[PDB]
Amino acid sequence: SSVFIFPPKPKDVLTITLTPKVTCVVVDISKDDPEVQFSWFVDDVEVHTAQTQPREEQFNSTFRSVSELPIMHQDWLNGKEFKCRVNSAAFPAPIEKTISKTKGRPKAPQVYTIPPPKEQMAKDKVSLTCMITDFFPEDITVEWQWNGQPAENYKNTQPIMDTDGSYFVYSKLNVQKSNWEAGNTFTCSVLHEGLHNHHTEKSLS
């Protein structure tokens, strides 16, 4: 069992009413292993407000242990370091994991939308595209809105670093024929620390 640590949801970090949290996970544990113990520190000073989930059997019959450290929005943006120190019997020494915002001047992303390619219109299931470029750091949230309501039928590619140090991402929203030309409006909502108001919208029809 190897330990992983995850950044907070970019959306959570930017919305005052949400609660950003750092996540530590010990996956691939043997039903036989003793419960792992977690320990957290914010800038090398231990904190005691984390909550660790019970323990859940995953898809490969083994388990995972999740621990969440709720944090302050500002601490993530100001670059504080978050350390998860996990140990147990099945570990000679404890494993330590670290994570913190990528450092550098934030850069605002360029958000563009793309209506179905000329050649796809011939199908009975098309796809709208949101093309987000030149942002930094990589933390970003991209979602789609049908008219004004959520849309769960979309996929975002993981951010990739272009040659120049910035990142890009594509979001693909699928829509069974119809809708597109004759129908409801489609909006690409992006949240990033580099945007004016930290958020922006672009819509298609």
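Numbering starts at 1 and runs along the sequence shown.
Visitor: Please compare 55-63 with 153-161 and say which has the higher mean C-alpha temperature factor in the record.
Guide: Going by the record's values, the stretch with the higher mean is 55-63.
Visitor: Could you check which stretch, 177-185 or 14-22, carries the larger mean CA temperature factor in the entry?
Guide: Taking the mean B-factor of the alpha carbons in each, 177-185 is higher.
Visitor: Please pick out which of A50, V27, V142, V45 has the largest Cα B-factor as recorded in the entry.
Guide: Going by the entry's C-alpha B-factors, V27 comes out highest.
Visitor: Specify which of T113, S88, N78, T133 carries the largest Cα B factor in the deposited PDB entry.
Guide: In this record, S88 carries the highest C-alpha B-factor of the candidates.
Visitor: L128: which third of its chain by C-alpha temperature factor?
Guide: Its C-alpha B-factor belongs to the middle third of this chain's values.
Visitor: Grab the CA temperature factor for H73 from the record and place it in the lowest, middle or highest third of its chain.
Guide: Lowest third.
Visitor: Using only modelled residues of the chain, where does the Cα B factor of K101 rank: lowest third, middle third or highest third?
Guide: Tercile = lowest for this residue's CA B-factor.
Visitor: Which third, lowest, middle or highest, does the CA B-factor of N147 fall in along this chain?
Guide: CA B-factor rank for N147: highest third.
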